[PDB]
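Accompanying notes for the structure given below.
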Amino acid sequence: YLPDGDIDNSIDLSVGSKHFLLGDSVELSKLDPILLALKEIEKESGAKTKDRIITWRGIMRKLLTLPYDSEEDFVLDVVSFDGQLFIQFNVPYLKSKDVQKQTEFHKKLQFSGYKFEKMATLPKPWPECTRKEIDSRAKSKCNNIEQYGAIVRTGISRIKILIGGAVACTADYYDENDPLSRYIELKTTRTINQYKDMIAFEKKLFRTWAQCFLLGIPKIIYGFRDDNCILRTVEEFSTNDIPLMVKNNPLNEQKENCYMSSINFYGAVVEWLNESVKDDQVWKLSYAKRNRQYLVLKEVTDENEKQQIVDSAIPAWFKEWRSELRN
Amino acid sequence: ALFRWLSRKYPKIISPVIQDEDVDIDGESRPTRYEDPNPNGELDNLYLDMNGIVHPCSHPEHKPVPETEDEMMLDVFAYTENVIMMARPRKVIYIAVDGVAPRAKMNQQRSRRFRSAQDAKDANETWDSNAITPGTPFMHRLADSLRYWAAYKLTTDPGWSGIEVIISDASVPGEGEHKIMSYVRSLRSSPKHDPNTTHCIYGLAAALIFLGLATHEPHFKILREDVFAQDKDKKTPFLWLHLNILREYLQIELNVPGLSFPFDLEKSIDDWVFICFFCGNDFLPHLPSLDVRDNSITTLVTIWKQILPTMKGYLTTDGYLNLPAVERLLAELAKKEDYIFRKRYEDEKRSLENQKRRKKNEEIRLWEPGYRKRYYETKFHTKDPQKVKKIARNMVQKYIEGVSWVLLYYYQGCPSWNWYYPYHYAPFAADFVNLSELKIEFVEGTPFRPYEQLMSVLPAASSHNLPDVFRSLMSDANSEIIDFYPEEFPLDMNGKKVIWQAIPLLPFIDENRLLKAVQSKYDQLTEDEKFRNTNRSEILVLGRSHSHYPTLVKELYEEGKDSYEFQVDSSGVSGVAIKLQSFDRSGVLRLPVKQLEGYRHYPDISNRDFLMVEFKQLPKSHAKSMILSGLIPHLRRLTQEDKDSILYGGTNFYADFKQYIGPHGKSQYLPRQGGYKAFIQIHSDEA
Amino acid sequence: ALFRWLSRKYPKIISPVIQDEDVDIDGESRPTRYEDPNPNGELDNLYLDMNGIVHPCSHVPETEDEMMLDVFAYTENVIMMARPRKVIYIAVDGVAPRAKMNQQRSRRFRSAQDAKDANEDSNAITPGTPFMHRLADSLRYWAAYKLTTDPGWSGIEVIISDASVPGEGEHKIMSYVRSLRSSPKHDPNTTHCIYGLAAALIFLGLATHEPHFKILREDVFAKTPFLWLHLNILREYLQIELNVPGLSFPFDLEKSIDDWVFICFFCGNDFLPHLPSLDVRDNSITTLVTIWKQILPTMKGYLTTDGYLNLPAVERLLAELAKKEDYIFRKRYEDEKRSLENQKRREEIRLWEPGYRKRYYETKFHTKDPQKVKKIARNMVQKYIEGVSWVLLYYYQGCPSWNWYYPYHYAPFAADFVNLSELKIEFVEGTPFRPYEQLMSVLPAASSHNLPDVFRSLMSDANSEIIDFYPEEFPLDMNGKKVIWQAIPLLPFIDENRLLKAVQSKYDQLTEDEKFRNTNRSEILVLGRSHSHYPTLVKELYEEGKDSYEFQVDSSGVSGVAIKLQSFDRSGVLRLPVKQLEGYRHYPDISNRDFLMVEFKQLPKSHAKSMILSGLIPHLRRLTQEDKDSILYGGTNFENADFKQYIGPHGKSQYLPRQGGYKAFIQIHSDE
């Protein structure tokens with residue numbers, strides 16, 4: 001919910017920065033929510049799903065962006081318990097990311113994004129949402145813990161993939177038939193003022209389109225914060241329209257459409273993943289920013305790192321759950 | 001009245017209706033099919049006001065002379081067909097007829113009804129125009145007559161396939177344009193509502209302009225006649241009243257700079273609407289220092305503009321007042337009271353000098369000092385200051401109730417069907433002090449029966465309309481309520497110009513005495529009158545070829561369902577649908593008009609194609625007031641000329657553009673600053 | 001012009017003068033005696049602006065001696081009409097500042113053109129002509145005669161400031177009143193009165209912030225009748241009109257008046273051309289004050305303080321004016337066209353059309369380079385703001401620069417005044433020009449007879465080094481109502497450095513009599529024989545041989561420094577220089593035993609603060625509720641009264657009876 005008057009009122013996105021708490025990625029980037037979801041899926045279904053790849057949207061968007069946005073370094077667990085590749089971040093690497101996480105400008109940017117998200121949403125549908133909680137959005141905290149998400153059974157080649165996704169907010173309500181169409185993703189960046197600004201804008205839209213298109217989210221409401229953390233203008237996008245806008249830009253008309261190449265590369269990556277590991281074989285998928293030529297798919301050994309990674313990624317709750325499933 | 005002020009101050013609002021018929025499409029001037037594109041701009045909904053048509057007395061300049069009911073029914077049907085043809089709705093038809101009025105209203109037309117009886121007696125030394133009222137046998141014949149017309153139009157015109165007609169006859173409790181307001185608010189509380197659902201209303205009262213702003217639907221307008229050259233066989237020209245353009249005006253005016261709180265135009269309009277309800281309305285007498293003819297609306301706006309920077313907020317919010325906020329406005333106005341009294345007195349004396357060049361006892365002398373004391377004992381006939389001080393303070397308390405009761409009545413429905421202002425006069429702005437200490441409350445109550453209103457609204461000269469049993473308690477001197485029925489009443493002239501605008505002082509009807517006598521006469525009433533003496537719920541009529549026609553039959557005729565929460569649909573109607581009694585869609589709906597072949601033929605139709613279902617609104621909710629989500633604004637009409645000529649014009653009283661009507665474009669927001677698209681909109685075409 | 005608007009908007013500040021008749025007291029038919037009570041009201045000081053008498057128009061005497069007696073007869077009438085009791089100040093124009101030189105060249109050059117087409121002295125009034133010298137000594141004789149031959153003039157000083165004194169006419173009066181306020185002993189209830197014709201006097205009366213003030217002038221729309229102009233009445237209007245609510249700082253009518261008279265100097269003055277969107281007859285003063293009060297609550301302070309600008313405040317003021325001229329230009333063109341067919345029914349710029357800013361600067365400067373326009377249009381703002389600062393100082397702190405001038409013929413639009421705070425303002429006082437330098441810099445080619453014969457070569461010769469400064473014909477830029485009613489005489493501005501070199505080459509060739517007229521001097525002062533200070537000054541300046549004696553607030557109220565006059569002889573006799581003519585009262589010679597002529601000088605200058613004094617007693621209030629309600633809420637609207645009292649400081653209490661004061665409690669409870 002955001003009328004034009006609110007963005008005409010020059011809302012500040014920096015108020016209450018000190019209140020911005022945030023959780024840690026180590027226990028956040030865990031398959032446990034998806035693991036529970038699949039737990040009930042096989043609880044009432046009674047048979048294991050044909051889905052093979054299970055992960056979070058972050059890994060997928062990173063590897064889609066790789067052919068042209070390759071400025072990323074990561075390590076990916078490739079555990080293959082029960083013939084279902086549970087790709088997720090390497091848990092020791094998560095602890096190292098805390099040091100790699102390190103400043104103040106970046107944290108201010110994340111706070112600006114979350115404040116913009118909180119300002120342009122509503123905890124309840126507009127009719128039943130009383131006026132007091134309409135005019136209380138700016139006086140609340142910015143909790144980076146509680147989120148709403150859903151699991152999507154997308155498909156590439158001949159493999160079914162389950163992807164979780166932190167849904168920002170639905171458009172006007174929750175459609176019980178096709179919930180994906182009603183979903184919206186909220187993002188904000190610095191306002192455009194010159195050609196370099198719109199080039200960085202185009203790259204940001206490339207990665208955002210990759211994200212949404214993997215989740216199949218049509219709408220994009222995209223904020224434009226100014227230098228001093230204040231929203232100035234907002235505008236919307238459609239997922240399918242992004243490539244056409246990018247490759248038909250009258251300003252700076254000048255290669256080819258990276259979307260098809262990224263999709264084909266991601267399909268090749270999926271084929272590589274489903275052809276490389278046979279069963280119950282833990283690996284470590286990684287990429288160095290200096291590589292720029294190849295993907296590092298190494299397998300871990302010594303029966304200690306493998307076991308600790310299996311225990312960390314998959315709690316015994318899921319492991320014991322499959323026991324009766326085979327029964 | 002104030003319509004002239006709206007026309008003068010806001011010129012671009014009015015626009016003539018393009019009444020084009022027999023369009024020469026492809027070289028043939030064939031009659032315009034209902035499915036043809038509208039040159040007035042496309043429309044979604046159409047809320048009629050049958051009380052805007054059914055008044056033979058409202059147009060006495062010509063000689064219509066409706067003598068037989070069949071003639072007037074045929075004329076009404078033809079006029080409704082004409083207005084719908086020139087409007088061309090596409091989703092919903094709402095038909096509103098005045099029902100049982102709230103307790104605070106019939107007193108205002110008791111003066112009007114008694115005046116119609118008073119001057120009639122003096123005129124003794126023509127159809128019964130007082131028969132248009134709930135509970136009469138005429139409305140019962142009118143209610144069923146239009147239901148045939150609704151069934152006829154759906155099953156004959158191919159263009160009426162998707163239309164849904166909603167009927168709210170006079171049996172439905174509530175006032176006419178109050179029904180329209182409540183209906184839109186129910187569609188407002190549905191989360192699946194479409195924010196771009198253009199509406200429009202046919203109406204005559206000037207309150208419809210303010211109510212159109214109250215609903216806060218930008219894509220809105222009003223259908224109105226010429227009322228310019230109609231004073232003087234040929235079609236009467238009509239005028240559109242584009243409230244969407246008017247929203248552009250008030251946005252510019254009500255944008256006062258330098259506020260400690262953020263500007264909110266839609267919140268300002270609520271204050272602006274509230275401003276126009278001291279200057280004039282039909283529930284409370286106007287303040288003695290206020291006159292719309294004296295452009296008092298511009299006055300209150302000015303004091304409103306100066307006061308806001310000091311204030312921390314708005315006078316009202318979602319129809320609820322801020323007593324400290326209004327107190328400052330009223331107190332500030334009290335200073336101007338002395339000046340205008342003398343100014344009004346001097347100008348009329350100056351005016352009287354111009355004709356001199358060409359050619360209860362009043363005596364208050366408002367232009368002379370000390371009038372405040374002299375005003376009260378003159379009216380209430382008591383010289384004791386203690387009596388005056390007690391009456392003056394108490395009478396202010398009731399006045400604040402009304403301006404609070406009326407605001408809810410236009411925003412949250414009727415808050416009370418028992419309150420009524422117990423005085424014939426308004427207090428000065430000076431007396432509006434210590435308001436915050438006062439307390440306000442209401443009780444919803446129950447509506448009066450249609451017969452109960454008749455004895456509370458008919459005079460002694462119209463005993464025929466009311467059932468003949470009640471004539472004993474109405475006209476005979478032995479009646480215990482005969483004191484409520486005087487042949488002559490003291491018309492307090494109040495120093496006006498002509499007697500017709502005086503105040504018909506009448507005793508206020510006691511509630512207990514009014515109804516207790518009626519309960520002794522309910523037993524001997526006829527069943528036909530008894531059925532006519534019961535309020536019901538409105539009616540929805542649905543065509544066969546409509547998209548949701550099978551769905552209702554599937555549940556209300558096959559599954560034996562009782563209540564089906566219909567929610568939104570193709571036509572946009574929402575609520576609960578129930579089936580009429582044991583009614584079957586197998587009989588024939590006869591035509592009760594007994595057509596005389598004077599106007600068309602009107603063939604009769606069985607009950608096979610169409611289907612009617614008992615309708616009901618969505619559950620009542622505390623309706624807020626702000627623009628919706630995803631709403632697309634229309635094209636801007638004002639281009640920097642009337643923007644300036646109204647900011648600094650001060651006093652400016654010296655081809656339709658349908659392209660500006662309806663939503664324009666698809667973006668929810670306007671491209672400004674850095675927005676890529678805005679950058680492309682300016683930089684890309686620059687180089 | 002302005003006076004009509006003041007009359008219609010403010011009706012009670014104007015009143016007729018009760019001249020009574022020749023026999024003021026009836027019964028005994030006593031003729032007018034000076035000691036008799038004044039029906040107009042008692043007055044303490046009186047200032048005369050000699051311009052209104054020396055140039056009374058009425059287009060008639062032709063010779064100097066014909067109207068000297070007429071001037072004395074007329075001046076004697078106005079003095080009797082008011083009857084001052086303490087001081088009489090006589091002001092005569094001196095060498096005006098350089099800013100007014102350019103605005104004076106166009107006045108005289110136009111009259112030269114008015115002479116040329118007439119062919120198909122009125123210019124001898126300017127300082128430095130021999131007519132002034134005859135006039136200068138004429139006043140000295142009249143002052144001496146009146147004091148020594150009138151019993152009612154026993155205790156009244158007369159201060160003479162002839163053309164030899166540097167400074168403008170009214171500027172002498174303004175500086176004098178400010179000097180009286182720097183003396184701690186000054187009486188705060190010395191009612192003043194100044195006689196003049198210029199409309200600036202109404203504003204300048206409020207500059208002194210002396211509530212007991214008034215102005216005397218004859219009825220323009222009429223023995224000639226005269227109109228009193230009570231400034232104390234006007235201050236009652238202003239403190240009501242300018243009292244707006246919701247101020248973040250406490251209300252101060254003294255600063256409000258300073259701001260109010262400030263905005264009256266954009267609409268019209270005599271040093272800077274008005275803004276293209278501003279016209280006095282178009283009620284532009286109401287436009288500014290309306291704008292001023294709307295924006296006032298937003299700021300943290302007033303526009304100016306003691307004549308010093310607040311650039312951020314003024315930058316904001318005209319900002320919303322820069323959003324109105326588009327509507328103003330449209331209204332002008334529309335109404336002008338509407339006026340065109342009014343009598344019918346019974347170009348380069350096109351200001352109404354948008355984008356006029358480009359055409360205006362391009363056409364008026366004969367160039368279209370955008371950089372050149374940007375350079376010029378930005379340089380205009382810096383100069384124009386300097387003048388407004390210079391003028392505002394000129395009315396509050398004396399002349400702040402004797403050589404500054406506005407070097408362009410047109411004013412910038414309301415939009416261009418942006419980035420004001422970055423501008424720097426600097427002034428150099430310098431020295432005013434000698435009277436001869438002032439003459440030929442303003443006298444046109446048709447009035448060389450006033451100029452000394454030696455300098456005429458540099459004026460009329462074709463080989464003169466400065467002949468370029470003297471063109472016989474000049475373009476007449478219309479830019480006005482119809483043809484020439486406000487035509488701009490485009491004249492190249494005089495270069496000072498070049499000019500000063502040429503003129504000083506002829507100083508050696510002038511006579512001693514003219515050299516005596518080529519020097520700036522100081523004003524003088526006279527005293528009656530029966531006056532209190534007559535023994536005191538003679539005891540000090542003539543018995544003790546004192547070089548200089550300092551004054552303070554005294555019986556008359558004059559203050560300053562007195563120095564013995566070398567030319568004055570105690571035993572001499574003053575002889576009237578004007579040859580006596582029939583039909584007038586012969587003026588006998590009077591020995592210097594009956595008066596004293598002492599050189600005078602004011603107190604040292606100080607930074608004058610603009611707030612009322614202490615112990616000031618206010619008069620009554622004519623303003624009832626109806627009087628101010630018709631102004632507070634009246635918006636746009638279309639005589640004997642009481643002057644014997646309700647003029648001076650009525651009452652003896654500095655404060656007013658209000659709230660819980662003991663005396664106030666007595667009166668309110670006296671009735672109850």
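To be explicit about the labels: the chains of the structure tokens are called A, B, and onward in the order shown, and within each one the residues are counted from 1, while ligands get numbers from 1 in the order they are shown.
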
Which residues of chain B have any atom within 10 Å of an atom in chain A when counting only C-alpha atoms, and what is the closest pair of atoms for each, with the distance in Å to one decimal? Order the rows by chain and rising number and write it as JSON lines.
{"residue": "B:188", "atom": "CA", "partner": "A:127", "partner_atom": "CA", "distance": 7.4}
{"residue": "B:189", "atom": "CA", "partner": "A:127", "partner_atom": "CA", "distance": 4.9}
{"residue": "B:190", "atom": "CA", "partner": "A:127", "partner_atom": "CA", "distance": 6.9}
{"residue": "B:191", "atom": "CA", "partner": "A:127", "partner_atom": "CA", "distance": 6.4}
{"residue": "B:192", "atom": "CA", "partner": "A:172", "partner_atom": "CA", "distance": 7.4}
{"residue": "B:193", "atom": "CA", "partner": "A:172", "partner_atom": "CA", "distance": 9.5}
{"residue": "B:262", "atom": "CA", "partner": "A:9", "partner_atom": "CA", "distance": 6.9}
{"residue": "B:263", "atom": "CA", "partner": "A:9", "partner_atom": "CA", "distance": 7.6}
{"residue": "B:264", "atom": "CA", "partner": "A:5", "partner_atom": "CA", "distance": 7.4}
{"residue": "B:265", "atom": "CA", "partner": "A:5", "partner_atom": "CA", "distance": 8.5}
{"residue": "B:266", "atom": "CA", "partner": "A:5", "partner_atom": "CA", "distance": 9.5}
{"residue": "B:317", "atom": "CA", "partner": "A:131", "partner_atom": "CA", "distance": 9.9}
{"residue": "B:318", "atom": "CA", "partner": "A:131", "partner_atom": "CA", "distance": 9.3}
{"residue": "B:621", "atom": "CA", "partner": "A:128", "partner_atom": "CA", "distance": 8.1}
{"residue": "B:622", "atom": "CA", "partner": "A:130", "partner_atom": "CA", "distance": 8.4}
{"residue": "B:623", "atom": "CA", "partner": "A:127", "partner_atom": "CA", "distance": 7.7}
{"residue": "B:624", "atom": "CA", "partner": "A:131", "partner_atom": "CA", "distance": 7.2}
{"residue": "B:625", "atom": "CA", "partner": "A:131", "partner_atom": "CA", "distance": 9.3}
{"residue": "B:626", "atom": "CA", "partner": "A:3", "partner_atom": "CA", "distance": 8.9}
{"residue": "B:627", "atom": "CA", "partner": "A:3", "partner_atom": "CA", "distance": 7.0}
{"residue": "B:628", "atom": "CA", "partner": "A:3", "partner_atom": "CA", "distance": 7.2}
{"residue": "B:629", "atom": "CA", "partner": "A:1", "partner_atom": "CA", "distance": 5.8}
{"residue": "B:630", "atom": "CA", "partner": "A:3", "partner_atom": "CA", "distance": 7.9}
{"residue": "B:631", "atom": "CA", "partner": "A:3", "partner_atom": "CA", "distance": 8.2}
{"residue": "B:632", "atom": "CA", "partner": "A:4", "partner_atom": "CA", "distance": 9.9}
{"residue": "B:633", "atom": "CA", "partner": "A:4", "partner_atom": "CA", "distance": 10.0}
{"residue": "B:667", "atom": "CA", "partner": "A:236", "partner_atom": "CA", "distance": 7.6}
{"residue": "B:668", "atom": "CA", "partner": "A:4", "partner_atom": "CA", "distance": 7.7}
{"residue": "B:669", "atom": "CA", "partner": "A:4", "partner_atom": "CA", "distance": 6.1}
{"residue": "B:670", "atom": "CA", "partner": "A:4", "partner_atom": "CA", "distance": 8.2}
{"residue": "B:671", "atom": "CA", "partner": "A:235", "partner_atom": "CA", "distance": 7.7}
{"residue": "B:672", "atom": "CA", "partner": "A:233", "partner_atom": "CA", "distance": 6.7}
{"residue": "B:673", "atom": "CA", "partner": "A:233", "partner_atom": "CA", "distance": 6.8}
{"residue": "B:674", "atom": "CA", "partner": "A:192", "partner_atom": "CA", "distance": 4.6}
{"residue": "B:675", "atom": "CA", "partner": "A:233", "partner_atom": "CA", "distance": 6.4}
{"residue": "B:676", "atom": "CA", "partner": "A:192", "partner_atom": "CA", "distance": 6.5}
{"residue": "B:677", "atom": "CA", "partner": "A:235", "partner_atom": "CA", "distance": 8.4}
{"residue": "B:678", "atom": "CA", "partner": "A:192", "partner_atom": "CA", "distance": 9.5}
{"residue": "B:679", "atom": "CA", "partner": "A:192", "partner_atom": "CA", "distance": 7.4}
{"residue": "B:680", "atom": "CA", "partner": "A:251", "partner_atom": "CA", "distance": 6.8}
{"residue": "B:681", "atom": "CA", "partner": "A:251", "partner_atom": "CA", "distance": 10.0}
{"residue": "B:683", "atom": "CA", "partner": "A:251", "partner_atom": "CA", "distance": 7.5}
{"residue": "B:684", "atom": "CA", "partner": "A:251", "partner_atom": "CA", "distance": 4.8}
{"residue": "B:685", "atom": "CA", "partner": "A:251", "partner_atom": "CA", "distance": 8.1}
{"residue": "B:686", "atom": "CA", "partner": "A:251", "partner_atom": "CA", "distance": 9.5}
{"residue": "B:687", "atom": "CA", "partner": "A:251", "partner_atom": "CA", "distance": 7.6}

With C-alpha atoms retained, export the selected residues as a PDB file, in the first residue's frame.
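Listed below is the output, part21.pdb:
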ATOM      1  CA  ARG B 188     -14.971   0.082  -0.399  1.00  0.00           C
ATOM      2  CA  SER B 189     -14.432  -2.512   2.352  1.00  0.00           C
ATOM      3  CA  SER B 190     -14.003  -5.393  -0.105  1.00  0.00           C
ATOM      4  CA  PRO B 191     -10.256  -6.007  -0.630  1.00  0.00           C
ATOM      5  CA  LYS B 192     -10.876  -7.080  -4.247  1.00  0.00           C
ATOM      6  CA  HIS B 193     -12.410  -3.699  -5.137  1.00  0.00           C
ATOM      7  CA  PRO B 262       2.385  16.938   6.333  1.00  0.00           C
ATOM      8  CA  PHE B 263      -0.077  18.102   3.709  1.00  0.00           C
ATOM      9  CA  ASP B 264      -2.907  15.705   2.854  1.00  0.00           C
ATOM     10  CA  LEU B 265      -5.289  16.908   0.144  1.00  0.00           C
ATOM     11  CA  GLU B 266      -7.832  14.127   0.684  1.00  0.00           C
ATOM     12  CA  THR B 317     -10.889  12.826  10.735  1.00  0.00           C
ATOM     13  CA  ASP B 318     -13.014  10.093   9.119  1.00  0.00           C
ATOM     14  CA  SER B 621     -17.335  -1.481   8.836  1.00  0.00           C
ATOM     15  CA  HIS B 622     -15.651   1.655  10.149  1.00  0.00           C
ATOM     16  CA  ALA B 623     -14.932   3.188   6.752  1.00  0.00           C
ATOM     17  CA  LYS B 624     -11.737   5.239   6.611  1.00  0.00           C
ATOM     18  CA  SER B 625     -11.030   8.000   4.077  1.00  0.00           C
ATOM     19  CA  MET B 626      -8.065   7.935   1.699  1.00  0.00           C
ATOM     20  CA  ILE B 627      -7.353   7.059  -1.921  1.00  0.00           C
ATOM     21  CA  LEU B 628      -7.043   3.384  -2.814  1.00  0.00           C
ATOM     22  CA  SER B 629      -4.037   1.349  -3.965  1.00  0.00           C
ATOM     23  CA  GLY B 630      -3.218   1.019  -7.646  1.00  0.00           C
ATOM     24  CA  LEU B 631      -5.443   3.967  -8.535  1.00  0.00           C
ATOM     25  CA  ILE B 632      -4.557   5.613 -11.852  1.00  0.00           C
ATOM     26  CA  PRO B 633      -5.209   9.378 -12.066  1.00  0.00           C
ATOM     27  CA  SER B 667       1.353   3.826 -14.321  1.00  0.00           C
ATOM     28  CA  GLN B 668       0.227   4.350 -10.737  1.00  0.00           C
ATOM     29  CA  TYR B 669       2.782   7.148 -10.261  1.00  0.00           C
ATOM     30  CA  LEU B 670       3.854  10.177 -12.280  1.00  0.00           C
ATOM     31  CA  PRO B 671       7.389  10.078 -13.756  1.00  0.00           C
ATOM     32  CA  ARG B 672       9.475  12.713 -11.975  1.00  0.00           C
ATOM     33  CA  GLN B 673      13.150  13.126 -11.077  1.00  0.00           C
ATOM     34  CA  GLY B 674      15.273   9.985 -11.342  1.00  0.00           C
ATOM     35  CA  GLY B 675      13.041   7.077 -12.311  1.00  0.00           C
ATOM     36  CA  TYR B 676      14.719   5.641 -15.428  1.00  0.00           C
ATOM     37  CA  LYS B 677      11.468   6.092 -17.345  1.00  0.00           C
ATOM     38  CA  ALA B 678      11.405   9.759 -16.356  1.00  0.00           C
ATOM     39  CA  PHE B 679      15.083   9.975 -17.323  1.00  0.00           C
ATOM     40  CA  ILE B 680      14.234   8.332 -20.650  1.00  0.00           C
ATOM     41  CA  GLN B 681      11.235  10.659 -20.925  1.00  0.00           C
ATOM     42  CA  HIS B 683      17.104  12.739 -21.565  1.00  0.00           C
ATOM     43  CA  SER B 684      16.547  10.108 -24.272  1.00  0.00           C
ATOM     44  CA  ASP B 685      14.449  12.378 -26.489  1.00  0.00           C
ATOM     45  CA  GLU B 686      16.814  15.276 -25.752  1.00  0.00           C
ATOM     46  CA  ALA B 687      19.708  13.355 -27.331  1.00  0.00           C
TER      47      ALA B 687
END

With only C-alpha atoms considered, list every residue of chain B at most 9 Å from chain C, as a JSON list (two decimals) with C-alpha atoms, in the first residue's frame.
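Below is the file that was written, iface-v8.json:
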[["chain", "number", "residue", "atom", "x", "y", "z"],
["B", 258, "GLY", "CA", 4.38, 26.13, 6.15],
["B", 306, "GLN", "CA", -5.18, 31.43, 8.52],
["B", 307, "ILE", "CA", -5.84, 29.08, 11.45],
["B", 309, "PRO", "CA", -0.45, 26.93, 10.52],
["B", 310, "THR", "CA", -1.04, 27.50, 14.23],
["B", 336, "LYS", "CA", -16.02, 39.11, 12.28],
["B", 338, "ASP", "CA", -19.96, 42.52, 14.48],
["B", 339, "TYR", "CA", -18.47, 43.79, 11.21],
["B", 641, "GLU", "CA", -3.60, 29.25, -16.25],
["B", 644, "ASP", "CA", -2.65, 30.98, -11.28],
["B", 645, "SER", "CA", -5.98, 32.71, -12.00],
["B", 648, "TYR", "CA", -4.19, 35.26, -7.25],
["B", 649, "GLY", "CA", -7.45, 35.98, -9.09]]

request  = List the neighbours of residue 515 in chain B out to 10 Å using only C-alpha atoms; skip same-chain residues closer than 6 positions along the sequence, and give me the result as a list in words.
outcome  =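 With the cut-off at 10 Å, the set is residues 448, 449, 452 and 455 of chain B.
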
For the selection just defined, write its residues with C-alpha atoms to a file, as an mmCIF file, in the first residue's frame.
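Once everything was written out, this is out_2.cif:
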data_model
loop_
_atom_site.group_PDB
_atom_site.id
_atom_site.type_symbol
_atom_site.label_atom_id
_atom_site.label_comp_id
_atom_site.auth_asym_id
_atom_site.auth_seq_id
_atom_site.Cartn_x
_atom_site.Cartn_y
_atom_site.Cartn_z
ATOM 1 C CA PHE B 448 -40.316 4.591 12.015
ATOM 2 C CA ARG B 449 -42.883 2.567 10.129
ATOM 3 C CA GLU B 452 -45.753 6.547 11.296
ATOM 4 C CA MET B 455 -48.636 11.328 10.262
#

inquiry  = Report, in Å with one decimal, the straight-line distance from CA of residue 346 in chain B to CA of residue 293 in chain B.
reply    = 16.3 Å

Residue contacts of residue 289 in chain C (10 Å, only C-alpha atoms) excluding same-chain residues fewer than 4 positions away, as a short mmCIF file (atom, residue, chain, number, x, y, z; two decimals) with N, CA and C atoms, in the first residue's frame:
data_model
loop_
_atom_site.label_atom_id
_atom_site.label_comp_id
_atom_site.auth_asym_id
_atom_site.auth_seq_id
_atom_site.Cartn_x
_atom_site.Cartn_y
_atom_site.Cartn_z
N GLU C 241 -2.81 46.90 11.07
CA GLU C 241 -2.70 46.18 9.81
C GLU C 241 -1.56 45.17 9.85
N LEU C 242 -0.42 45.55 10.41
CA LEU C 242 0.78 44.71 10.40
C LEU C 242 0.83 43.74 11.57
N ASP C 259 10.36 47.43 8.24
CA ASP C 259 10.11 46.55 7.11
C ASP C 259 9.06 47.13 6.17
N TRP C 260 8.02 47.75 6.73
CA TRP C 260 6.93 48.27 5.91
C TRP C 260 7.41 49.38 4.98
N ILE C 263 9.62 47.85 1.97
CA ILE C 263 8.95 47.33 0.79
C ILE C 263 8.36 48.45 -0.06
N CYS C 264 8.11 49.62 0.53
CA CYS C 264 7.64 50.76 -0.24
C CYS C 264 8.72 51.36 -1.12
N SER C 284 0.81 48.12 -6.31
CA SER C 284 1.88 47.16 -6.08
C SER C 284 2.30 47.12 -4.62
N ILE C 285 2.12 48.22 -3.88
CA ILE C 285 2.48 48.24 -2.47
C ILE C 285 1.64 47.24 -1.70
N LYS C 293 3.37 39.54 4.60
CA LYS C 293 2.74 38.96 5.79
C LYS C 293 2.54 37.46 5.66
N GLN C 294 2.32 36.96 4.44
CA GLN C 294 2.20 35.52 4.25
C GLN C 294 3.49 34.80 4.60
N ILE C 295 4.62 35.33 4.15
CA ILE C 295 5.91 34.68 4.38
C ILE C 295 6.49 34.98 5.76
N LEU C 296 6.04 36.05 6.42
CA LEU C 296 6.64 36.50 7.67
C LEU C 296 6.73 35.43 8.75
N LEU C 317 11.57 36.82 0.34
CA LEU C 317 10.41 37.69 0.13
C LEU C 317 9.98 37.71 -1.32
#
